[PDB]
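Residue numbers (the entry's author numbering), protein chains in the order written: chain G, 174 to 276; chain S, 174 to 276; chain Y, 379 to 531; chain B, 430 to 480.
Quick reminder that beta carbons are idealized off the backbone N, C-alpha and C, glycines included.
One structure is given here, and the rest of the page talks about it.
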Amino acid sequence: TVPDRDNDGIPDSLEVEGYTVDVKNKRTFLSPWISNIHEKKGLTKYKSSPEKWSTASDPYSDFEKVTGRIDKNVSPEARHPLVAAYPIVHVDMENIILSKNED
Amino acid sequence: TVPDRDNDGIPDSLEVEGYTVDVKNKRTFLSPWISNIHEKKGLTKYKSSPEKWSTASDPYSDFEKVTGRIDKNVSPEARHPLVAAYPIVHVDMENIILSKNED
Amino acid sequence: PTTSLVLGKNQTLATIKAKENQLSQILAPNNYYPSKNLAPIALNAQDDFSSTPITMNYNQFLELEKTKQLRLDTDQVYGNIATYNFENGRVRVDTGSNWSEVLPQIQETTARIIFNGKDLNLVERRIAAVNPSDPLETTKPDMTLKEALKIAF
Amino acid sequence: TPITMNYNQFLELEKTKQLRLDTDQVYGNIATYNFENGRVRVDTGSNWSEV
Ligand SMILES: [Ca+2]
Ligand SMILES: [Ca+2]
Ligand SMILES: [Ca+2]
Ligand SMILES: [Ca+2]
């Protein structure tokens, strides 16, 4: 049984030394990073915190992020484990209607 | 199985005799305090109550405190087990608006 | 959102948390609610059950039709996280957990980078970054600024 | 319902203009670290007055 301290599904040594996700047939593999074969495919190299279930502290595990098992609305640049995925919600008031309360 | 009466994850003898947390690769260890190797690294020596899950009685275990597995808003000086981490909330009234209820 | 209507400089007319009428089910990033083609929603009421008008008194009413200064602050925003369910793959919203639990955690452990090379609109990303004094935060991978620019923007 | 005030109180207030605001107590919840998935979660049961 491979070690996994943060319980996120990515093995610790993979998280520290680098890794990547790659479909082979129609299934995704979580391969450890390899210069000779992955770099040609344009696969991103991922590093994350072995001890944090989410490295960015946002509510999506590093595994969920890199494999895409995630809320799809999460914008693609935030799919990367080191990029925090959080809402920024501001309200703007398009116009204000007062009605005088007069008998 | 090492003894742990307060169930907080730090072994009793470690809690009494002193201990410290230290990353080695990208993982934190909860080492017993050692003069020759830890003092040079500037690591704080920690002591806590073996029988109290939190020594300061605040709702964060001594383990959670020293290892940083804690609410991040907890200010750094209160990360130390002997320093209580509690809110102090006072309300100030910036101004008071009375409206006379007159027909 | 907990909006607050402010007359003049900083005399707060009223603080209103949104009611069921003003609730927005989803708000995907780079989206408006209601969607930008539709007319904006009406905040009318102070009551939990949306049954009382947002009242304003005489001096406030006179000051408003004179100066016409009515700012709207956004004090805070309530909302829930939808999380992926490994079992049947559905994303589900936990109404227990909410973003106010998560956001301060993010702000306390990531470098913030605001950048406006995209048509001079500010874009704020947050990149996980080592915190030297926090033992758990040192376990994150080292973050050069160039790497941050590449992966975030 | 408005925070109401009666006539003698209203007169006394526009005369003396003394309206203090005491903070008798504060309700609030603790967010605690969840060892499983690392998220900090707020228990609405537990609250700071217990602690
Ligand atoms: Ca892991
Ligand atoms: Ca991780
Ligand atoms: Ca113990
Ligand atoms: Ca203890």
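Expected contact under 8 Å - CB spacing of residue i and residue j to nearest Å
i              : j         : result
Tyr219(G)      : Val239(G) : 6 Å
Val455(B)      : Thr461(B) : Contact flag wrong, Cβ pair sits at about 19 Å.
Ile529(Y)      : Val247(G) : Actually they are not in contact, since the Cβ atoms of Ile529(Y) and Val247(G) sit about 15 Å apart, beyond 8 Å.
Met521(Y)      : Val501(Y) : 18 Å between Cβ atoms; not a contact.
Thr433(Y)      : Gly386(Y) : With a Cβ gap of about 17 Å, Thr433(Y) and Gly386(Y) do not count as contacting.
residue 533(Y) : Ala396(Y) : No answer is possible for residue 533(Y): the residues shown for chain Y start at 379 and end at 531.
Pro205(G)      : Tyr192(G) : 5 Å
Pick from the options that is closest to residue i, judged by C-alpha positions
i              : options                                    : result
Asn388(Y)      : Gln403(Y), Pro431(Y), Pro418(Y), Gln447(Y) : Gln447(Y)
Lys197(S)      : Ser208(S), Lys214(S), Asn209(S)            : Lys214(S)
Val471(B)      : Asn463(B), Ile459(B), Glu465(B), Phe464(B) : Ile459(B)
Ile492(Y)      : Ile505(Y), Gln483(Y), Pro482(Y)            : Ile505(Y)
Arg178(S)      : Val194(S), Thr228(S), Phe202(S)            : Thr228(S)
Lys245(G)      : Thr381(Y), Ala526(Y), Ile404(Y), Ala423(Y) : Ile404(Y)
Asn466(Y)      : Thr174(G), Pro176(G), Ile210(G), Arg242(G) : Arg242(G)
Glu250(G)      : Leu416(Y), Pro407(Y), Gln400(Y), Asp497(Y) : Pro407(Y)
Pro513(Y)      : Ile270(S), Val175(S), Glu237(S)            : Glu237(S)
residue 306(S) : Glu515(Y), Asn463(Y), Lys496(Y)            : Given a span of 174 to 276 for chain S in the structure shown, any question on residue 306(S) remains unanswerable.
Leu391(Y)      : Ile270(S), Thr193(S), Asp265(S), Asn180(S) : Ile270(S)
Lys524(Y)      : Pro418(Y), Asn463(Y), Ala489(Y)            : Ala489(Y)
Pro418(Y)      : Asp265(G), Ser272(G), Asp276(G)            : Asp265(G)
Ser208(S)      : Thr217(S), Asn180(S), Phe202(S)            : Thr217(S)
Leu481(Y)      : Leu498(Y), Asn494(Y), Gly457(Y)            : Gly457(Y)
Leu527(Y)      : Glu212(G), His253(G), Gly182(G)            : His253(G)
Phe531(Y)      : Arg503(Y), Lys518(Y), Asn499(Y)            : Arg503(Y)
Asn437(Y)      : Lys273(S), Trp206(S), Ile210(S), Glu212(S) : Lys273(S)
Closer than 8 Å is the cut-off here; do at least three beta carbon pairs connect the stretch 220-236 of chain S with the stretch 185-197 of chain S? Between the stretch 220-236 of chain S and the stretch 185-197 of chain S there are three or more C-beta pairs closer than 8 Å, enough to call the two in contact.
As a quick check of your reading: which residues have a C-beta less than 6 Å from at least one non-hydrogen atom of ligand 5, in chain order? Because ligand 5 does not appear in the structure shown, any question about it cannot be addressed here, the ligands present being ligand 1, ligand 2, ligand 3 and ligand 4.
The stretch 194-216 of chain S: which residues have C-beta closer than 7 Å to a C-beta of chain G, in chain order? Result list: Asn198, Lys199, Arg200, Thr201.
Taking one C-beta from the stretch 448-457 of chain B and one from the stretch 260-272 of chain G each time, how about it: are there three or more such pairs within less than 8 Å? Output reads no: the stretch 260-272 of chain G does not touch the stretch 448-457 of chain B.
Near-chain S residues of the stretch 216-240 of chain G (beta-carbon distance less than 8 Å), N- to C-terminal order: Of all residues in the stretch 216-240 of chain G, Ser222, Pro223, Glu224, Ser230 have a Cβ within less than 8 Å of some Cβ in chain S.
If you pair each beta-carbon of the stretch 476-494 of chain Y with each one of the stretch 228-238 of chain G, do three or more pairs fall below 8 Å? Yes, they touch.
Using a beta-carbon distance cut-off of less than 8 Å, what residues from the stretch 451-480 of chain Y approach chain G? Those would be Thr452, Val455, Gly457, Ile459, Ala460, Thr461, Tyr462, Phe464, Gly467, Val469, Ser475, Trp477, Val480, in chain order.
Using a beta-carbon distance cut-off of less than 7 Å, what residues from the stretch 244-257 of chain S approach chain Y? Going along the stretch 244-257 of chain S in chain order, one finds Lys245, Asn246, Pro249 with a Cβ nearer than 7 Å to chain Y.
Whole alpha helix (DSSP H) elements within the stretch 479-515 of chain Y, 4-residue minimum: For the stretch 479-515 of chain Y, not a single whole alpha helix (DSSP H) run of length 4 or above is found.
Pick out the complete beta strand (DSSP E) segments inside the stretch 430-476 of chain Y, 3 residues or longer, and give them in chain order. Whole beta strand (DSSP E) segments, 3+ residues: 448-454, 460-462, 469-471.
What residues in the stretch 408-424 of chain Y have a beta carbon less than 7 Å from any beta carbon of chain S? If the cut-off is 7 Å between Cβ atoms, the stretch 408-424 of chain Y has nothing near chain S.
Residues of the stretch 505-530 of chain Y with a CB closer than 9 Å to any CB of chain S: list them in chain order, please. Cβ contacts with chain S: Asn509, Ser511, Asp512, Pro513, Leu514, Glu515, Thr516, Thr517, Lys518, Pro519.
What residues in the stretch 379-411 of chain Y have a beta carbon less than 7 Å from any beta carbon of chain G? Using a CB distance below 7 Å, the part of the stretch 379-411 of chain Y facing chain G consists of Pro379, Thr381, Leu405, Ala406, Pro407, ordered along the chain.
Using Cβ-Cβ distances below 7 Å, what residues of the stretch 480-504 of chain Y are close to chain S? Taking 7 Å as the cut-off between beta carbons, the residues of the stretch 480-504 of chain Y near chain S are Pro482, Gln483, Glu486, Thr487, in sequence order.
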